[PDB]
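> Fold the following for me, if possible:
(2 chains, ligands or ions: 1)
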Amino acid sequence: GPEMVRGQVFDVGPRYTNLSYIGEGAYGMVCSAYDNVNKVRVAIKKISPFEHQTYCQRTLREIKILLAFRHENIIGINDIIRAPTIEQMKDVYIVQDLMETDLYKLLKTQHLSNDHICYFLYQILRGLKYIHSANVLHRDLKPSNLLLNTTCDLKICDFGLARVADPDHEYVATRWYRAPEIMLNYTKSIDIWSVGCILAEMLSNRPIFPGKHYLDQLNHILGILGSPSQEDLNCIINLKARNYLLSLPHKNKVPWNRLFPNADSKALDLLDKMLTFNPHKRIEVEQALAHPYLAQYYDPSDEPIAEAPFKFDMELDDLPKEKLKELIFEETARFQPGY
Amino acid sequence: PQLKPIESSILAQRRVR
Ligand SMILES: Nc1ncnc2c1ncn2[C@@H]1O[C@H](COP(=O)(O)OP(=O)(O)NP(=O)(O)O)[C@@H](O)[C@H]1O
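Numbers count the residues shown, from 1 in each chain, chains lettered A, B, ... in the order given. You can find the structure just below:
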């Protein structure tokens, strides 16, 4: 008696029942459900990664990181359902706390008060401080990756693209939230740019750099920030795109007050420091929390840190999907009876 | 959905104190 949703088997029962379609996502359908054992509502992500190495990669990383992470502002994994043998496992079901919506969905329907904008921003940075303490880069931060409640509680999700920060060493529908140096040159700075981009989107209810492709993305960023001062040029390592930037016509910086005319001055000032073109000059997570825009919520004693760094020394993109399937089977074993 | 006051959030309640 496996339960069906939109002609798709969701085999989560008898524990989880009353399935309701939420949305589609990478490789899988998400549903709200009732957990009959704990008498609580949950979200359940059905994942069918096993035909694609890349999908397997994102699933393992996600499971590993979310299980290691414990924070108020980061979504957790409550339970994971899968077949009792590896040959029988064609799907993995990830059970999480049910959140009412995500920031992307909210911004379609609703304009945000500068109050809610400020508080949302604080939670993003508070979650990110923890992430960066574990020396992990999220690398995918965007509004759909930010889960929300009507009680204004925010949680960061979707760690599938996350990895340990190293200086130095695959899509992704949107380049909109990706740092300029990613197009050019990894580092904690790239998550800050993303957060800068999300803040801008809460302000105007539109993406600040909605580029249609690689170079168009650059032209968007440059249309706002203007052409780099140098010192930005010449802090660039790859010399092929430095000269590309030199070969570009001049662009004027658009002052953050002309855009976002209705925005807090303190917000715009912080926006400026997240959105700096040079990664080295870009504001760090703990400095951002300490910015006057967040003074209302800033409390470093209540802003918890990771106990140690997170460890991925394991092989990243190279592993065969059969092996990854073995690893996913092992990682999810703690949720199985007899473990 | 529609957003409740910020004070509905528990973390925000720890801020008001
Ligand atoms: N814990 C949750 N509670 C409520 N809704 C969720 C939860 N997790 C994901 N969703 C929703 O499920 C849908 C798909 O997101 P997701 O499952 O994360 O797929 P994805 O491609 O991995 N992530 P994304 O890039 O944001 O679409 C979205 O509409 C989300 O709002």
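> okay, CA-based contacts and neighbour counts for the rest of this
Fine.
> can you list contacts of stretch A:265-274?
Surrounding stretch A:265-274, the residues in contact under the criterion C-alpha atoms under 8 Å, 6 or more residues apart in numbering or on different chains are A:118, A:192-193, A:195-196, A:199-200, A:256-257, A:281-283, A:288, A:291-293.
> Taking those, tell me the two that lie furthest apart.
Within those, A:118 and A:281 form the most distant pair, 22.9 Å apart (C-alpha to C-alpha).
> Relative to residue A:178, which of the contacts of stretch A:265-274 is nearest.
After measuring those against residue A:178 - C-alpha to C-alpha - the closest member comes out as residue A:193, at 7.2 Å.
> and the closest one, helix, strand or coil?
Taken by DSSP: H, G, I helix; E, B strand; the rest coil, the conformation at residue A:193 corresponds to helix.
> quick one: it and residue A:175 touch, right?
No. Counting by C-alpha atoms under 8 Å, residue A:193 sits too far from residue A:175 to count as a contact (11.9 Å).
> The two - which one has more neighbours?
Neighbours per residue (other C-alpha atoms under 10 Å in any protein chain shown) separate residue A:193 from residue A:175, with residue A:193 holding more: 25 against 21.
> for that one, what are its contacts?
Taking C-alpha under 8 Å, 6+ apart, we find residue A:193 in contact with A:177-179, A:274-276.
> Which member of those is positioned nearest the ligand?
Of all the contacts of residue A:193, the one with the least separation from the ligand (C-alpha to the nearest ligand atom) is residue A:177, at 12.2 Å.
> How about the residues of chain B by chain A?
Taking C-alpha under 8 Å from any C-alpha of the partner chain, the part of chain B that reaches chain A is made up of B:1-10, B:12, B:15.
> want to try a markdown table for the residues you listed, with neighbour count, distance to the ligand and secondary structure as columns?
Rendered in a markdown table, the data for these read as follows (neighbours: other C-alpha atoms under 10 Å in any protein chain shown; distance: C-alpha to the nearest ligand atom, whole Å; DSSP: H, G, I helix; E, B strand; the rest coil):
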| residue | neighbour count | distance to the ligand | secondary structure |
| --- | --- | --- | --- |
| B:1 | 11 | 13 | coil |
| B:2 | 11 | 16 | coil |
| B:3 | 16 | 16 | coil |
| B:4 | 13 | 18 | coil |
| B:5 | 13 | 20 | coil |
| B:6 | 18 | 20 | helix |
| B:7 | 14 | 21 | helix |
| B:8 | 14 | 19 | helix |
| B:9 | 18 | 17 | coil |
| B:10 | 12 | 18 | helix |
| B:12 | 19 | 21 | helix |
| B:15 | 14 | 25 | helix |
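> and of the residues you listed, the nearest to residue A:26?
residue B:1 (23.9 Å).
> does the closest one really touch residue A:150, like I thought?
Yes. Contact between residue B:1 and residue A:150 holds when scored by C-alpha under 8 Å: they sit 6.9 Å apart.
> shared neighbours of those two, anything?
Shared contacts of residue B:1 and residue A:150 (C-alpha under 8 Å, 6+ apart): residue A:100.
> related to what we said a few turns ago, now do the shared contacts for residue A:193 and residue A:175.
Taking C-alpha under 8 Å, 6+ apart as the contact definition, residue A:193 and residue A:175 share no neighbouring residue.
> Find the residue closest to residue 15 in space, skipping its chain neighbours.
All of this is about chain A. residue A:36 (5.4 Å; C-alpha to C-alpha, 6 or more residues apart in numbering or on different chains).
> Let me rephrase: I mean chain B.
The nearest residue in space to residue B:15 (C-alpha to C-alpha, 6+ apart) is residue A:297, at 5.7 Å.
> for residue A:191, same thing?
Distances taken as C-alpha to C-alpha, 6+ apart place residue A:139 nearest to residue A:191, at 5.9 Å, with adjacent residues excluded.
> Surely the one you found touches residue A:190?
Yes. Between residue A:139 and residue A:190 there is a contact at 6.9 Å, judged by C-alpha under 8 Å.
> picking that back up, what's around the residue nearest to residue A:15, how many residues?
Summarising burial for residue A:36: neighbours were counted as other C-alpha under 10 Å, giving 14.
> who are the neighbours in contact with it?
Under the criterion of C-alpha under 8 Å, 6+ apart, the contact list for residue A:36 reads A:15-17.
> what about stretch A:40-57, start to end distance?
Start and end residues of stretch A:40-57 are separated by 30 Å (C-alpha to C-alpha, to the nearest Å).
> for stretch A:244-264, same thing?
Between the opening and closing residues of stretch A:244-264 we find a distance of 36 Å, counting by C-alpha to C-alpha.
> And that stretch, what's buried?
For stretch A:244-264, the buried set under the neighbour-count rule, 16 or more other C-alpha atoms under 10 Å in any protein chain shown, comprises A:245, A:256, A:263-264.
> Out of the residues you listed, which comes closest to the ligand?
Of all the buried residues of stretch A:244-264, the one with the least separation from the ligand (C-alpha to the nearest ligand atom) is residue A:263, at 26.2 Å.
> Am I right that that closest one sits in a helix?
No. When three-state DSSP is applied, residue A:263 is found to be coil, with no helix at that position.
> picking that back up, just the buried residues of the contacts of stretch A:265-274.
Applying 16+ other C-alpha under 10 Å to these, the neighbour count classes A:118, A:192-193, A:195-196, A:199-200, A:256, A:282-283, A:288, A:291, A:293 as buried.
> Check those against the ligand and report the nearest one.
Looking across the buried ones among the contacts of stretch A:265-274 and measuring by C-alpha to the nearest ligand atom, the closest to the ligand is residue A:195, at 14.8 Å.
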